[PDB]
Amino acid sequence: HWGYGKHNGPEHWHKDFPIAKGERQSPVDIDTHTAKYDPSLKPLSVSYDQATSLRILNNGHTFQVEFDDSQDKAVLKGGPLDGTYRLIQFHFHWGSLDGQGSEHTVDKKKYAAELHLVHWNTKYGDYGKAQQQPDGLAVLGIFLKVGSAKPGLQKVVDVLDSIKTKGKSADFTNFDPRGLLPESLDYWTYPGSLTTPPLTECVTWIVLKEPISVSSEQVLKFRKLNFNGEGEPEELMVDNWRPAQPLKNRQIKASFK
Ligand SMILES: CCOc1ccc2nc(S(N)(=O)=O)sc2c1
Ligand SMILES: [Zn+2]
């Protein structure tokens, strides 16, 4: 059904998913000159020491690395959040060229890609129930710019040939998502939505100010993935990002400046 092409891309999603035209859609442009420093926001607590990665999956829209979320292992807390949010997966959005690919923008700047670490609020007991609640999910967004390689990303890049096409998975154990973080945990935060269907308004977004650097070779390997399944016409998995949506009444808060 939905995807990222001319015929099924972001401009069409509202017909199956009317909340696409809602009041709290994501991503947004982060206007750094209107974001409000909030001295009461806490440092983020990213606690990934016990993370247990299990698998990597090409889901036809992105690839995702999934974790064991059946115990409090890898959790996000603090910052703007009230409870504890458990990591379930991360995935990326990227472009066909280094000058596009991120979902969020910063003063209209697009990055080459964006990493989303998806966490669910443990007060809701499971990820699927959390997806139905206004404060169900917290997604940590990290921009990727092209420059030096990110060594912590290479284990991911090297397995992508084994999941070229939609529906392929591979075991992916012992991956440490701490290797994908920038030095600083300074962030912006605002209330929003999933950026892909069903576009539910269930996300507290936490977008880090500092991008990570990845090499041109690393991002090129993302662009060799396919949206299609095996045996179908080849369609390169590129430009799997939703453009910025109207901010509406919302305020973006900053943890710094
Ligand atoms: C069953 C889980 O379903 C979904 C659907 C859409 C979706 N979008 C995001 S994002 N790009 O991080 O805002 S995470 C997510 C999970
Ligand atoms: Zn995403």
# chains A, B, ... in the order shown; residues from 1 in each chain; ligands from 1
$ select_by_dssp --residues "segment 54-182 of chain A" --states "strand (DSSP E or B)" --output "NGL selection string"
:A and (54-58 or 63-67 or 75-78 or 85-94 or 105-106 or 109 or 113-121 or 137-146 or 169-171)
$ write_last_selection --atoms "C-alpha atoms" --output "tab-separated table (two decimals), in the first residue's frame"
chain	number	residue	atom	x	y	z
A	54	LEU	CA	18.44	-10.00	18.49
A	55	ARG	CA	17.88	-9.47	14.77
A	56	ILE	CA	18.03	-7.13	11.80
A	57	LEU	CA	15.10	-6.92	9.39
A	58	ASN	CA	14.40	-5.26	6.01
A	63	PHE	CA	15.88	-1.71	8.01
A	64	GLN	CA	15.50	-2.17	11.76
A	65	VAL	CA	17.61	-3.72	14.47
A	66	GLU	CA	15.41	-5.24	17.16
A	67	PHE	CA	16.12	-5.82	20.84
A	75	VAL	CA	16.07	2.13	28.78
A	76	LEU	CA	15.67	5.85	28.23
A	77	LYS	CA	14.51	8.05	31.06
A	78	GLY	CA	14.87	11.59	32.37
A	85	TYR	CA	10.94	3.78	28.27
A	86	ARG	CA	12.35	0.53	26.97
A	87	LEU	CA	14.34	0.27	23.71
A	88	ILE	CA	12.66	-2.05	21.18
A	89	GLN	CA	14.31	-1.16	17.87
A	90	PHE	CA	16.31	1.32	15.88
A	91	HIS	CA	16.11	2.14	12.17
A	92	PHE	CA	17.18	4.86	9.73
A	93	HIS	CA	15.84	7.23	7.11
A	94	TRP	CA	18.19	8.34	4.32
A	105	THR	CA	15.55	19.53	9.76
A	106	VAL	CA	17.43	22.19	11.72
A	109	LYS	CA	19.07	22.06	6.99
A	113	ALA	CA	20.21	10.40	7.22
A	114	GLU	CA	18.49	10.15	10.58
A	115	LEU	CA	18.68	7.38	13.15
A	116	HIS	CA	15.56	6.67	15.25
A	117	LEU	CA	15.87	4.69	18.49
A	118	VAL	CA	12.32	3.69	19.41
A	119	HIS	CA	11.34	3.17	23.07
A	120	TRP	CA	8.01	2.37	24.72
A	121	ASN	CA	6.61	3.58	28.03
A	137	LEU	CA	6.65	6.13	22.77
A	138	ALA	CA	9.85	8.13	23.01
A	139	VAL	CA	11.95	8.27	19.88
A	140	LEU	CA	15.54	9.44	20.14
A	141	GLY	CA	16.54	11.01	16.79
A	142	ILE	CA	20.17	11.43	15.77
A	143	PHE	CA	21.29	13.15	12.58
A	144	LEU	CA	23.95	11.60	10.30
A	145	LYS	CA	26.29	13.77	8.28
A	146	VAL	CA	28.79	12.42	5.77
A	169	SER	CA	16.09	-10.91	8.39
A	170	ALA	CA	19.35	-12.07	9.94
A	171	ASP	CA	20.53	-12.84	13.49
$ select_by_dssp --residues "segment 1-248 of chain A" --states "alpha helix (DSSP H)" --output "list in words"
residues 127, 128, 129, 130, 154, 155, 156, 157, 158, 159, 216, 217, 218, 219, 220, 221 and 222 of chain A
$ closest_residue --among "A:19, A:199, A:97, A:30" --to "ligand 2" --atoms "only C-alpha atoms and all ligand atoms"
A:199
$ residues_around --residues "residue 136 of chain A" --least-positions-apart "6" --cutoff "8 Å" --atoms "only C-alpha atoms" --output "PDB file with N, CA and C atoms, in the first residue's frame"
ATOM      1  N   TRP A 120       9.418   2.328  24.296  1.00  0.00           N
ATOM      2  CA  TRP A 120       8.009   2.375  24.717  1.00  0.00           C
ATOM      3  C   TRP A 120       7.895   2.506  26.223  1.00  0.00           C
ATOM      4  N   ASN A 121       6.855   3.223  26.639  1.00  0.00           N
ATOM      5  CA  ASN A 121       6.611   3.582  28.034  1.00  0.00           C
ATOM      6  C   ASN A 121       6.179   2.325  28.793  1.00  0.00           C
ATOM      7  N   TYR A 124       2.645   0.997  30.073  1.00  0.00           N
ATOM      8  CA  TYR A 124       1.695   0.366  29.171  1.00  0.00           C
ATOM      9  C   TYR A 124       1.969  -1.108  28.895  1.00  0.00           C
ATOM     10  N   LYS A 129       0.546  -1.923  22.953  1.00  0.00           N
ATOM     11  CA  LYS A 129      -0.360  -1.053  23.711  1.00  0.00           C
ATOM     12  C   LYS A 129       0.177   0.375  23.784  1.00  0.00           C
ATOM     13  N   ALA A 130       1.505   0.507  23.984  1.00  0.00           N
ATOM     14  CA  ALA A 130       2.101   1.847  24.046  1.00  0.00           C
ATOM     15  C   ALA A 130       1.831   2.637  22.751  1.00  0.00           C
ATOM     16  N   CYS A 202       1.653   9.510  19.199  1.00  0.00           N
ATOM     17  CA  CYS A 202       1.985   8.794  20.403  1.00  0.00           C
ATOM     18  C   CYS A 202       3.436   8.992  20.840  1.00  0.00           C
ATOM     19  N   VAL A 203       4.149   9.975  20.244  1.00  0.00           N
ATOM     20  CA  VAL A 203       5.605  10.050  20.401  1.00  0.00           C
ATOM     21  C   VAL A 203       6.017  11.333  21.126  1.00  0.00           C
TER      22      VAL A 203
END
$ closest_residue --among "A:70, A:173, A:195, A:184" --to "ligand 2" --atoms "only C-alpha atoms and all ligand atoms"
A:195
